[PDB]
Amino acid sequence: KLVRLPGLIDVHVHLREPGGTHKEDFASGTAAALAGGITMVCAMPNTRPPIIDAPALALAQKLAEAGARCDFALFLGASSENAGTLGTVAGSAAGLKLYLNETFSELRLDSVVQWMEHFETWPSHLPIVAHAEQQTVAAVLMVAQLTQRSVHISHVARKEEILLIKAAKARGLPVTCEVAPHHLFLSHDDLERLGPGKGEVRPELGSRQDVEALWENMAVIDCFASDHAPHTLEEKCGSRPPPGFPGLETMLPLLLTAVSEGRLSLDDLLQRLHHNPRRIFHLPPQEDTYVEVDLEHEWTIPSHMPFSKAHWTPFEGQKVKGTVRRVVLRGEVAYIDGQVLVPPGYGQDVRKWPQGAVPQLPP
């Protein structure tokens, strides 16, 4: 007996096109999304060129419209030069992304004054997301308060961070956050198996106590998002390994396993992979769209999942219970038991749908 879920949304993926297409492209990354029960993705801007101006966004939109198999929205990225320049295209983007710490990314900012300038100039009704680790969470929260608006914190990975956010929420501050599956299902204890290259990710894998703190504070977690960050094995195993894990194909199976163990409920999962993503990023519904999963099927994660060009996975060898059997996207069968059945280009930019524009007061 299969369980029907709504179309799930991953608000944090790296699809590497343009410029890193050996790692992933729109076609392979969205195939990976569909296989993981995800029907809508928000693609991060740290591509090559990065999506930091109108011409780069225009290019990315056409690449996505031609390559994507599921629906999508594209982030703009904040740079040291583009504050106050994105107003005409801002509403066409998923939101604005700030990279506030060292990681795989034209996009580190030099000064908190630059963060302020972005918070002041980006339209107030549109989403802002920050990569903000440890004390940087507190710092960007301060900037959000000085500028009287909200912020969404990406991949929370530490007890320190989740408790800070918890304290902010208790004070009524408008902050939301997401947690990635590797920070719920991997820890320092796995670094021996993974090794130092494969194990590179930002935020880094946490201690057992970090992992336990995220589960204990599930009520504080608004969204799950994969931070699908594909790099090839050669890259992960080489002399200067980039940080990141692929995760679209493994996220839902990992979480369904946790549901079957009673670690969270099916509703808890759907709030975090469907409802809260919709409401935080003002993402539209998808007509005639759903995912059928099998919660009984036990399997072991192989050395690589079928679709991502990353062709490796840090979850290799983990036992899971839960499978994506079928995905229907806008009335077409998109995925069945390992076969993707919609072509590159089937996917659409949800920000161009009338119901996908973010409501605003007349300016």
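Heads up: residue numbers just count along the shown sequence, starting at 1.
**Q** Would you determine, from the values in the PDB entry, which of 89 to 97 and 110 to 118 has the greater average C-alpha temperature factor?
**A** The recorded data point to 110 to 118.
**Q** Identify the stretch, either 275 to 283 or 229 to 237, whose C-alpha atoms have the larger mean B-factor according to the entry.
**A** Of 229 to 237 and 275 to 283, the stretch with the higher C-alpha B-factor average is 229 to 237.
**Q** For the listed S154, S124, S265, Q145, which has the peak Cα B-factor recorded in the PDB entry?
**A** That would be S124.
**Q** Which one of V13, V350, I9, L341 shows the biggest C-alpha B-factor in the PDB entry?
**A** Out of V13, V350, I9, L341, the record gives the largest C-alpha B-factor to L341.
**Q** Among the modelled residues of this chain, does the Cα B factor of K198 put it in the lowest, middle or highest third?
**A** Highest third - that is where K198 ends up once the chain's C-alpha B-factors are sorted.
**Q** Classify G317 as lowest, middle or highest third according to the C-alpha B-factor given in the PDB entry, relative to its own chain.
**A** Highest third, going by the recorded CA B-factors of the chain.
**Q** Mind checking which third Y290 falls in for C-alpha B-factor across the chain?
**A** For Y290, whose C-alpha B-factor we compare with every modelled residue in the chain, the answer is the middle third.
**Q** Give the position of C223 by CA B-factor within its chain, expressed as the lowest, middle or highest third.
**A** Its C-alpha B-factor belongs to the lowest third of this chain's values.
**Q** Lowest, middle or highest third: which one holds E261 when the chain's residues are ordered by CA B-factor from the entry?
**A** Top third by C-alpha B-factor.
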